[PDB]
Amino acid sequence: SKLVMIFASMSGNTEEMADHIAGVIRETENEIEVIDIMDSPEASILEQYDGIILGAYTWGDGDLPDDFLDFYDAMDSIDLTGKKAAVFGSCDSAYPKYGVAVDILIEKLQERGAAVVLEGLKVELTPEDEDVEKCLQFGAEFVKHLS
Ligand SMILES: Cc1cc2nc3c(=O)[nH]c(=O)nc-3n(C[C@H](O)[C@H](O)[C@H](O)COP(=O)(O)O)c2cc1C
Ligand SMILES: OC[C@H]1O[C@H](O)[C@H](O)[C@@H](O)[C@@H]1O
């Protein structure tokens with residue numbers, strides 16, 4: 001199957017997670033295109049993939065990264081019925097609205113008809129060894145839902 005991952009990372013923590021998850025998926029008989037939100041992908045591309053993984057840190061007052069805002073708006077016009085999806089991100093418990101960008105992106109995927117097949121994966125700041133193993137389990141469990 002053909003998969004897409006779109007991630008946002010300012011300081012590198014969510015990108016570390018993205019690279020682990022994608023590297024695990026690449027050891028299966030599936031292809032994945034990993035795209036940084038800074039490179040301005042259009043949301044319509046999500047319609048062309050069998051599975052979708054989004055990654056995002058949380059910013060400001062429990063908001064999406066600034067660079068995700070246009071893409072998020074454009075998601076109101078796409079049809080994701082049938083697709084398998086999941087979301088991850090790095091987080092900081094110095095903030096009350098912890099990792100809520102993950103929850104916001106999950107909600108939007110649900111609204112557009114995607115089957116969200118995993119709980120959101122939240123890691124505190126830079127992954128430690130146990131967090132890295134959680135990234136491996138996320139990728140392995142995601143693939144199981146593909147046909
Ligand atoms: C201005 C600012 C606001 C933030 N607001 C939140 C927040 O509401 N909730 C949260 O979990 N983290 C918040 N964070 C923490 C980042 O999401 C966290 O540092 C994360 O590791 C960044 O991921 P990245 O390395 O991929 O950029 C905020 C960080 C900054 C700098
Ligand atoms: O493409 C836009 C439309 O897509 C779907 O029909 C949504 O359910 C609807 O809320 C939205 O207006």
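Residue numbers start at 1 and run along the sequence shown.
In this structure, CZ on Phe68 lies 5.5 Å from CG on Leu105, to the nearest 0.5 angstrom. Here the straight-line distance linking atom OG of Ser44 with atom CG of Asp79 works out to 12.5 Å at 0.5 Å rounding. For the atom pair CG of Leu109 and NZ of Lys83, the computed distance is 12.5 Å after rounding to the nearest 0.5 Å. To the nearest 0.5 Å, the span separating CD1 on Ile78 from CD on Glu111 amounts to 11.0 Å. Atom NE2 of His20 is separated from atom CD of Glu133 by 11.0 Å, given to the nearest 0.5 angstrom.
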Please test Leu54 against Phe88 for side-chain contact (heavy atoms from CB on, under 4.5 Å), starting from the C-alpha separation and ending with a verdict. CA-CA 6 Å; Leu54 307 180; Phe88 65 94; over 6 Å; no

From CA spacing to verdict: side-chain contact (heavy atoms from CB on, under 4.5 Å), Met5, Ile21: CA-CA 9 Å; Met5 179 186 287; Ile21 295 165; 3.6 Å; yes

Verify side-chain contact (heavy atoms from CB on, under 4.5 Å) between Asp36 and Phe7, making sure each step is shown before the conclusion. CA-CA 5 Å; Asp36 192 326; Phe7 76 92; 3.8 Å; yes

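Checked by atom type, the side-chain pair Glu16/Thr126 shows no donor-acceptor distance below 3.5 Å.
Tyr49 is listed as a side-chain neighbour of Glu33, based on a closest heavy-atom distance under 4.5 Å. The shortest distance between side-chain heavy atoms of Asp63 and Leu69 does not fall below 4.5 Å. A heavy-atom distance below 4.5 Å is found between the side chains of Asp61 and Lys97. Annotation: side chain of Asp50 is not in contact with side chain of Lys84 (no heavy-atom distance under 4.5 Å). A 4.5 Å side-chain heavy-atom check between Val143 and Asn30 finds at least one atom pair inside the cut-off. By the 4.5 Å heavy-atom criterion applied to side chains, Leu3 and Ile52 are not counted as neighbours. Contact check for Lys144 versus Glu141: side-chain heavy atoms found under the 4.5 Å cut-off. Between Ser90 and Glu124 there is no side-chain heavy-atom pair separated by less than 4.5 Å.
A pairwise comparison of heavy atoms in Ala56 and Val102 identifies O-CG2, 4.0 Å as the closest pair. Across every non-hydrogen atom of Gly99 and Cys91, the tightest pair is CA-SG, 3.4 Å. Minimum interatomic distance between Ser9 and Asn13 (heavy atoms only, all atoms of both residues): OG-N, 3.5 Å. Smallest separation of non-hydrogen atoms from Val34 and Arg26: CG2-NH2, 3.9 Å. Minimum heavy-atom separation, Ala86 to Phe138: CB-CZ, 3.5 Å.
Look at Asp103 and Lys122 and you find a salt bridge, because one of the NZ, NE, NH1 or NH2 atoms lies within 4.0 Å of a carboxylate O, short of that distance.
Clustering ILVMFWY residues whenever any of their side-chain heavy atoms sit less than 4.5 angstrom apart, transitively, puts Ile25 in the very cluster that holds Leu121. Under the 4.5 Å side-chain heavy-atom criterion for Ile, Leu, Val, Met, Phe, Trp and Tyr, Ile53 and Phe71 are members of distinct hydrophobic clusters. In the hydrophobic clustering of ILVMFWY residues, with side-chain heavy atoms under 4.5 Å counting as a link, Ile32 and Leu146 come out together. If you chain together hydrophobic residues whose side chains sit under 4.5 Å apart, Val123 and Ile104 never meet in one group. Note: the hydrophobic cluster containing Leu64 also contains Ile6 (ILVMFWY, side chain heavy atoms under 4.5 Å, direct or indirect links).
Residue pairs meeting the salt bridge (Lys or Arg N to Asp or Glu O under 4.0 Å) criterion with at least one member in residues 64-77, sequence neighbours excluded: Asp76-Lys108.
You'll find the ring centres of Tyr95 and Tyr98 outside the 6.0 Å limit.
Here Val24 sits in one hydrophobic cluster together with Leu136; the rule is ILVMFWY side chains under 4.5 Å apart, joined directly or through other members.
Few gaps surround CD on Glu31; more than 12 heavy atoms of other groups in view lie less than 6.0 Å from it.
Between the side chain of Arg112 and the main chain of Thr81, no donor-acceptor pair closer than 3.5 Å is present.
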